[PDB]
Amino acid sequence: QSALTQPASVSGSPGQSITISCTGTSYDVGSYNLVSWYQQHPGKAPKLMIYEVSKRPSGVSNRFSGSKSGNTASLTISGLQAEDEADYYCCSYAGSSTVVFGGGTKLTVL
Amino acid sequence: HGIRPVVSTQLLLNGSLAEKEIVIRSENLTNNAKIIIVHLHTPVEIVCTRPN
Amino acid sequence: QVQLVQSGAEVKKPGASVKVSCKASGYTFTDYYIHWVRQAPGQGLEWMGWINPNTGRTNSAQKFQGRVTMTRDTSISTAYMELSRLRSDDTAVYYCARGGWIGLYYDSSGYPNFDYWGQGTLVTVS
Ligand SMILES: *[C@@H]1O[C@H](CO)[C@@H](O[C@@H]2O[C@H](CO)[C@@H](O[C@@H]3O[C@H](CO[C@H]4O[C@H](CO[C@H]5O[C@H](CO)[C@@H](O)[C@H](O)[C@@H]5O[C@H]5O[C@H](CO)[C@@H](O)[C@H](O)[C@@H]5O)[C@@H](O)[C@H](O[C@H]5O[C@H](CO)[C@@H](O)[C@H](O)[C@@H]5O)[C@@H]4O)[C@@H](O)[C@H](O[C@H]4O[C@H](CO)[C@@H](O)[C@H](O)[C@@H]4O[C@H]4O[C@H](CO)[C@@H](O)[C@H](O)[C@@H]4O[C@H]4O[C@H](CO)[C@@H](O)[C@H](O)[C@@H]4O)[C@@H]3O)[C@H](O)[C@H]2NC(C)=O)[C@H](O)[C@H]1NC(C)=O
Ligand SMILES: *[C@@H]1O[C@H](CO)[C@@H](O[C@@H]2O[C@H](CO)[C@@H](O[C@@H]3O[C@H](CO[C@H]4O[C@H](CO)[C@@H](O)[C@H](O)[C@@H]4O)[C@@H](O)[C@H](O[C@H]4O[C@H](CO)[C@@H](O)[C@H](O)[C@@H]4O)[C@@H]3O)[C@H](O)[C@H]2NC(C)=O)[C@H](O)[C@H]1NC(C)=O
């Protein structure tokens with residue numbers, strides 16, 4: 001089980017906006033800016049979406065966004081597409097030298 | 001006012017700054033072995049770290 | 001073009017140690033951190049550890065210390081995931097990914113910047 005807490009699904013339709021809450025505490029999220037988000041299509045390898053709080057890599061569209069808030073940093077999608085109807089997993093540094101994941105956030109687009 | 005016992009061999013760290021031109025001071029300049037002390041007018045920032 | 005490649009789907013029996021291999025294709029295998037990620041079949045990702053090729057130093061996650069240890073050989077451009085005392089709870093897909101950039105100064109060992117991924121293997125035990 002993940003040390004980080006995060007939702008498992010948020011549903012809707014194209015064109016909306018979302019906020020998905022990955023949560024930690026002082027030791028992993030609070031003290032550090034090392035937070036990332038990874039897309040996970042059904043049965044596919046993961047894809048990086050957001051790195052270092054919010055830095056979109058080439059190939060990631062401005063349909064995606066995120067920002068830090070204390071001990072919870074969240075994934076903010078905008079302009080939804082059914083093509084992006086994937087799972088989403090937050091990721092963050094956790095002290096010592098380790099990397100931790102969280103959540104099962106299946107996007108749904110009717 | 002304000003003598004800091006800070007010990008260094010080559011560069012002088014956190015010292016007081018001069019008022020004017022970067023004055024050279026030396027006890028003698030016929031005796032080349034006399035250590036020559038340079039006192040800057042403006043500072044140069046230095047940062048050191050052990051990443052380990 | 002750079003790519004990460006791995007051994008295909010794997011078959012074993014429980015208790016036996018597993019030796020997943022990860023090939024670094026089309027880039028300097030000396031210059032980037034490599035990270036291992038587990039994915040139980042159809043489930044979320046679990047983090048395993050990393051390896052520094054140019055240094056050879058490693059660290060396995062606290063959940064596996066003393067049981068998982070990674071090695072490499074530069075002459076054949078491959079990284080290895082050794083995992084012994086296999087429980088059937090280890091039923092999962094195992095991934096290989098390219099991490100941050102290595103530098104003499106600075107420290108990117110723990111950054112979650114997994115850039116590309118290997119196509120992975122699924123281990124068959126029960
Ligand atoms: C004291 O002083 C010290 C200085 O003496 C100081 O040290 C410095 O510290 C800083 C930390 O702040 C270090 O900064 C990092 O530097 C990294 C190195 O980047 C430089 O070099 C690369 C080399 O590129 C190789 O790879 C390409 C292929 O991609 C090859 O084609 C090239 O030829 C090249 O060579 C390899 O391949 C050859 C093949 O033949 C080989 O022959 C060869 O040997 C090599 O193997 C350059 O690419 C860099 O430029 C690019 O990046 C900048 C910044 O974005 C752009 O402006 C620029 O235009 C280029 O696009 C650069 O020249 C950086 O990579 C690193 O940046 C990443 O990490 C930071 C966090 O550390 C992130 O914030 C940032 O976003 C970057 O993320 C990208 O990269 C990571 C991998 O690291 C990815 O995981 C991530 O997803 C993202 O991906 C990119 O690519 C994606 C596609 O792959 C794309 O989709 C994305 O959108 C994105 O573009 C960081 O800046 C710095 O290196 C130190 N200095 C030294 C000398 O080490 C110290 O801190 C001081 N200390 C104090 C206390 O003051
Ligand atoms: C440099 O090196 C230092 C150590 O020398 C590292 O500091 C350690 O960081 C780890 C981070 O994981 C700390 O361990 C964690 O402790 C949490 C509780 O905090 C303890 O420590 C503080 C500080 O004294 C006390 O206030 C508190 O009461 C505790 O004593 C736990 O919540 C964590 O464990 C939980 O989560 C993990 C998964 O996340 C589970 O596996 C666990 O079972 C448990 O549920 C975790 O154990 C450790 O305490 C730190 N040590 C010190 C001395 O501070 C630095 O991170 C490292 N890197 C850097 C950049 O400094």
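Coordinate-derived values only; no laboratory data. Positions of Cβ are backbone-derived with ideal geometry, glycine not excepted, and every protein chain shown enters the neighbour counts.
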Would you mind working out the magnitude of the charge dipole of chain B relative to its Cα centre, with +1 at each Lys and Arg C-beta and -1 at each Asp and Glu C-beta, to the nearest 20 Debye?
-> 160
Which whole-number percentage describes the relative contact order of chain B, with Cα contacts under 8 Å and a sequence gap of 6 or more?
-> 30
In whole angstrom, note down how far apart the Cα centers of chain B and segment C:1-80 are.
-> 52
GNM flexibility winner over chain B from B:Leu13, B:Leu40, B:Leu29 (Cα, springs under 10 Å) | B:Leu29
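What does the highest-first list of A:84-91, A:73-80, C:19-26 look like by mean Cβ count within 10 Å? Kindly include the intermediate steps, with their values, before the conclusion.
On the way: A:84-91: 23.0, A:73-80: 19.2, C:19-26: 17.2.
The peptides rank, most packed first, as A:84-91, A:73-80, C:19-26.
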Residue range of chain C that is longest and free of chymotrypsin sites (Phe, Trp or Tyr not before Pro) which are both DSSP loop and sparsely packed (at most 14 other C-beta within 10 Å) | C:1-104
Difference of contour (0.36 nm per residue) and Cα-Cα distance, C:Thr55 to C:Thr74 = 5.7 nm
Quick one: length gained pulling A:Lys68 to A:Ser13 fully straight, 0.36 nm per residue minus the C-alpha distance?
-> 17.2 nm
Unpartnered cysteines of the protein assembly as shown (Cβ-Cβ under 4.7 Å counts as a partner)?
-> A:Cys91, B:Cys48
Under 11 Å from the 7 Å Cα→Cβ point of A:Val109, by amide nitrogen: which residues of segment C:21-59?
-> none
Would you kindly state how much longer the chain becomes between C:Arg85 and C:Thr124 on full extension, computed as 0.36 nm times their sequence separation minus their alpha carbon distance, in nm to one decimal?
-> 12.5 nm
Peptide A:96-103, shielding by other chains (average Cβ, 10 Å cutoff) = 6
Leaving out same-chain residues fewer than 8 places away, which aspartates and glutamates sit with a Cα under 18 Å from that of A:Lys55?
-> C:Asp115
